[PDB]
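Novice: to kick things off, part of the complex as it is:
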Amino acid sequence: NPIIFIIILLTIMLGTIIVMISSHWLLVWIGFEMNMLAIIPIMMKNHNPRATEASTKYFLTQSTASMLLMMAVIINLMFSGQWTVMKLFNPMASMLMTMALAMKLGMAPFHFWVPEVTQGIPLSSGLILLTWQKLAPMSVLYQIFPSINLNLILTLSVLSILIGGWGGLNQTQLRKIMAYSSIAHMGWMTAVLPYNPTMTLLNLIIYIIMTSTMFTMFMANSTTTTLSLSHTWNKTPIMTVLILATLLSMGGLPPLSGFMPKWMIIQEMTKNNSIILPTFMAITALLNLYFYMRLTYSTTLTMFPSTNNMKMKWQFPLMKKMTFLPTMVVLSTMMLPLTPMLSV
Amino acid sequence: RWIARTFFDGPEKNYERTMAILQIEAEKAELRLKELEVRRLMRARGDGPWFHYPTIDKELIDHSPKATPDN
Amino acid sequence: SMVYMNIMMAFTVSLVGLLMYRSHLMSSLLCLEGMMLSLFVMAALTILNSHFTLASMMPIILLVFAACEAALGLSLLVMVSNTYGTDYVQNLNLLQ
């Protein structure tokens, strides 16, 4: 078990390398085919039947998310037959390209693909592995880019933040609260992509870091919202300020660095005179903070820490590269004169 | 009489600083009116390498007399 | 040609309401491997007549992963029926 637990973990990133390093439609077929075969035993380890009744819902979704891709691949074999990763030379194929590929980056359609998976998994350790599946198909879209029907890609993005802004008003499961708002940032970096595909990854990098800090701060004891009442006066009061340092940043306020892509997202989006569409998104992003307020009101205000059981013992977790993470996640908004020069 | 020359100056520093930092502007607000001239309106020419997209590499073609004369 | 039109309707046995529904859940996964051979042949039409001679490995290496993907999800339905005895996709407890 502990030898191959690295080996299974090793081949996941081996999959997404082959997605990035190829000029061939059949290798990128294989690429996130073997990824979908490498995620399954991570879901299992304690062999609980709820984990099995979550992975199989995860399974046959991504099976079709594989198998629909190849149906697009044989069309531009019948249409000019070249296999370089380029324009698809058929709008009937590019339609079949994107809205199959959008399953693995789950949009406003394919609703319960995200929450029903992430809720019900006992492994709340991670399950940060669902950032890799946010990383691999974005590394195809940078190359599909100059042949899209241009209306389908923006329609899924306007709907993306519309449902994600609504989902967590009806929630206590902080996994589902973090399952939602993963639709939110995946609407923005699609909505840039017709206008300068560079600086899309700027939204991608900031989203990785502010989700990496979130579950590592959730790996103290908390899995339920009212369980985040009983740690300030029980586990550690130092965690209570630090969790307020991130939930307010990821809402996007300008003195923190969570606002930083949405600062730059308009400088690109206008100057190409699309005005009514960024205004509808930024006003929707107001609702992205009322998840966090009404959640930060619970942990930072000492809301009745009952159940007398005092932790006089020390803590030994594995906070691996943890304390160096919210130093570019708060105070980096002055520290990006050109993030669009090293990445772009 | 002994307040100015003990502390600060008049029209020898706060003038010609206005003439100084308003020459950092005409090379800033005018080069920002060249990006819109060039990036948004490049457009169908694609001369300057900003809209340069890869097509194919002709190095990997072959030229041998392959064994069918009419191909 | 008409040999491309059929088979192209034969690809539309991947009807999604008959791909995860209803119960006797093996009938769902049935047409998944049944969605294979509608792509093995349809590729092998165009590769064969237009004499490519190099992409012959492509439908062969297709069927390598086609059973290998099909090998995984069949195992999990045993693990469904390990604690239950029947598949019955109307089984639902873990909600969203």
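Specialist: Thanks, I have it. Numbers count the residues shown, from 1 in each chain, chains lettered A, B, ... in the order given.
Novice: please count neighbours and contacts with C-alpha atoms only from this point.
Specialist: Will do.
Novice: the one residue sitting closest to the centre of chain B sits in which helix or strand?
Specialist: When chain B is reduced to its mean C-alpha position, the nearest residue by C-alpha atoms, centre = their mean turns out to be residue B:35, at 6.2 Å. Under DSSP states H and E, the secondary-structure element containing residue B:35 is helix B:32-35.
Novice: roughly how far does residue A:324 sit from residue A:331?
Specialist: Relative to residue A:331, residue A:324 is positioned 12 Å away (C-alpha to C-alpha, to the nearest Å).
Novice: the two: which is more packed in?
Specialist: Set side by side, residue A:324 and residue A:331 show more neighbours around residue A:331, with 14 against 10, by other C-alpha atoms under 10 Å in any protein chain shown.
Novice: can you give me the distance of that one to residue C:25?
Specialist: Noted for residue A:331: a distance of 52 Å to residue C:25, by C-alpha to C-alpha.
Novice: now residue A:14
Specialist: With distances taken as C-alpha to C-alpha, residue A:14 is found 33 Å from residue C:25.
Novice: ok, residue A:237 next?
Specialist: Distance check for residue A:237 against residue C:25: by C-alpha to C-alpha, it reads 50 Å.
Novice: ok, those two, which is more surrounded?
Specialist: The neighbour count for residue A:237 versus residue C:25, taken as other C-alpha under 10 Å, is higher for residue C:25 (17 against 13).
Novice: count of residues packed around the residue of chain B with the smallest separation from chain C?
Specialist: Minimum separation of chain B from chain C (C-alpha to the nearest C-alpha) falls at residue B:71, amounting to 11.2 Å. When neighbours are counted by other C-alpha under 10 Å, residue B:71 registers 5.
Novice: ditto for residue A:319
Specialist: Neighbours of residue A:319 under the rule other C-alpha under 10 Å: 11.
Novice: what's around the closest residue to it other than its chain neighbours, how many residues?
Specialist: Using C-alpha to C-alpha, 6 or more residues apart in numbering or on different chains and skipping residues adjacent in sequence, the residue nearest residue A:319 is residue A:216, 7.1 Å away. Each residue near residue A:216 was counted by other C-alpha under 10 Å, and the total is 18.
Novice: another chain to add, chain D:
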Amino acid sequence: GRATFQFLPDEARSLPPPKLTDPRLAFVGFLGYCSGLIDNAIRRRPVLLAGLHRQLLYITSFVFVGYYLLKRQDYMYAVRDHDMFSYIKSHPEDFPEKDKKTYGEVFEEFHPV
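Specialist: Take a look at chain D, now in place beside the chains above:
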């Protein structure tokens, strides 16, 4: 934009460079000075001016990284401006030589109150 898979090419030798003692290289690592204090503050140090080896090498991390990061950043605007001027220099019809007139021709609106 040619000669891909490079961190920074060998065409980047005409850089000043973006040297030390800028406030950014000061700032890159200034947060790292605050960062290692938090590493004490998580695991109940409780000292907050702790052992120097944990109090250091956060400083050594960002400072060498930040200087090695700024070298391509000034290069990237330079190569962005390196491409722009020739396309400005070419196509004289796409860059009109406008005539400047003084404030004797302009009859503006005119709207007083």
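Novice: ok chain D is in now, so what about the neighbour count of residue A:319?
Specialist: Other residues near residue A:319 come to 14 when the count uses other C-alpha under 10 Å.
Novice: which SSE is it in?
Specialist: For residue A:319, there is no enclosing helix or strand under DSSP H and E.
Novice: distance of it from chain D?
Specialist: Per C-alpha to the nearest C-alpha, to the nearest Å, residue A:319 is found 9 Å from chain D.
Novice: do the same with residue C:39
Specialist: Residue C:39 sits 36 Å away from chain D, going by C-alpha to the nearest C-alpha.
Novice: same check on residue B:20?
Specialist: When distances are taken as C-alpha to the nearest C-alpha, residue B:20 and chain D turn out to be 22 Å apart.
Novice: the strand or helix carrying that residue: how far from the chain's middle?
Specialist: Taking DSSP H and E as the definition, one finds residue B:20 inside helix B:18-21. When distances are taken as C-alpha atoms, centre = their mean, to the nearest Å, helix B:18-21 is centred 24 Å away from the chain's centroid.
Novice: check stretch B:12-29 too.
Specialist: The chain centre lies 22 Å from the centre of stretch B:12-29; the measure is C-alpha atoms, centre = their mean.
Novice: then it to CSV, C-alphas only?
Specialist: Extracted C-alpha coordinates of stretch B:12-29, given in CSV (Å, rounded to 0.1, in the frame of the first residue of the first chain):
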residue,chain,number,x,y,z
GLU,B,12,12.3,77.7,-8.7
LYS,B,13,11.4,74.2,-7.6
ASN,B,14,7.6,73.8,-7.6
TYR,B,15,7.8,75.4,-11.0
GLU,B,16,9.8,73.4,-13.6
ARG,B,17,8.9,70.2,-11.6
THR,B,18,5.5,70.7,-13.2
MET,B,19,7.5,71.2,-16.4
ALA,B,20,9.5,68.1,-15.5
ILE,B,21,6.9,65.4,-14.6
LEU,B,22,4.6,66.6,-17.5
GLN,B,23,7.2,65.2,-19.9
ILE,B,24,6.8,61.8,-18.4
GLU,B,25,3.2,62.0,-19.7
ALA,B,26,3.4,62.6,-23.4
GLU,B,27,5.5,59.5,-23.8
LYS,B,28,3.0,57.6,-21.6
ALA,B,29,-0.4,58.7,-22.9
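Novice: extend the structure above with chain E:
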Amino acid sequence: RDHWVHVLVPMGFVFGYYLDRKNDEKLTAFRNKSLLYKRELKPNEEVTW
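Specialist: If we add chain E to the chains shown above, we get the following:
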């Protein structure tokens, strides 16, 4: 010790004021103006830059 918590902190003012002349000494663009402010022949418009 010698109370660095005390008046050493307002001593940072001239530490800021010593840095406060570095911006002006690189703003040495124009001497030739017509607001007298002329820099005609004198060592008076040259000084205090």
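Novice: the neighbour count of residue A:319 again please, chain E included this time.
Specialist: Here the neighbour count serves as a burial measure; for residue A:319 (other C-alpha under 10 Å) it reads 14.
Novice: distance of it from chain B?
Specialist: 43 Å.
Novice: could I get the buried residue list for stretch B:33-42?
Specialist: Buried positions in stretch B:33-42, judged by neighbour count with 16 or more other C-alpha atoms under 10 Å in any protein chain shown: B:38, B:42.
Novice: quick one: distance of it to the chain centre.
Specialist: How far stretch B:33-42 lies from its chain's middle: 9 Å, per C-alpha atoms, centre = their mean.
Novice: first-to-last residue distance for that stretch?
Specialist: Using C-alpha to C-alpha, first and last residues of stretch B:33-42 are 14 Å apart.
Novice: likewise stretch A:34-42?
Specialist: The first residue of stretch A:34-42 is 14 Å away from its last residue (C-alpha to C-alpha).
Novice: buried ones in it, by neighbour count?
Specialist: Of all the residues in stretch A:34-42, those buried under the rule 16+ other C-alpha under 10 Å are A:34, A:35, A:36, A:37, A:38, A:39, A:40, A:42.
Novice: which residues touch the closest residue to chain E within chain C?
Specialist: When C-alpha to the nearest C-alpha is the measure, chain C has its nearest residue to chain E at residue C:96, with 57.0 Å between them. For residue C:96, the residues meeting the contact criterion (C-alpha atoms under 8 Å, 6 or more residues apart in numbering or on different chains) are A:112, A:115, A:116, A:119.
Novice: all the helices of chain C, in order from the start?
Specialist: With DSSP state H, the ranges of helices along chain C come out as C:2-5, C:26-35, C:40-49, C:57-84.
Novice: residue D:66 and residue D:72: what is the separation?
Specialist: The value you get for residue D:66 to residue D:72, if C-alpha to C-alpha is used, is 11 Å.
Novice: more neighbours, these two?
Specialist: residue D:72 (21 against 17).
Novice: ok, that one touching residue A:342?
Specialist: Yes: distance between residue D:72 and residue A:342: 6.5 Å, which falls inside the contact criterion (C-alpha atoms under 8 Å).
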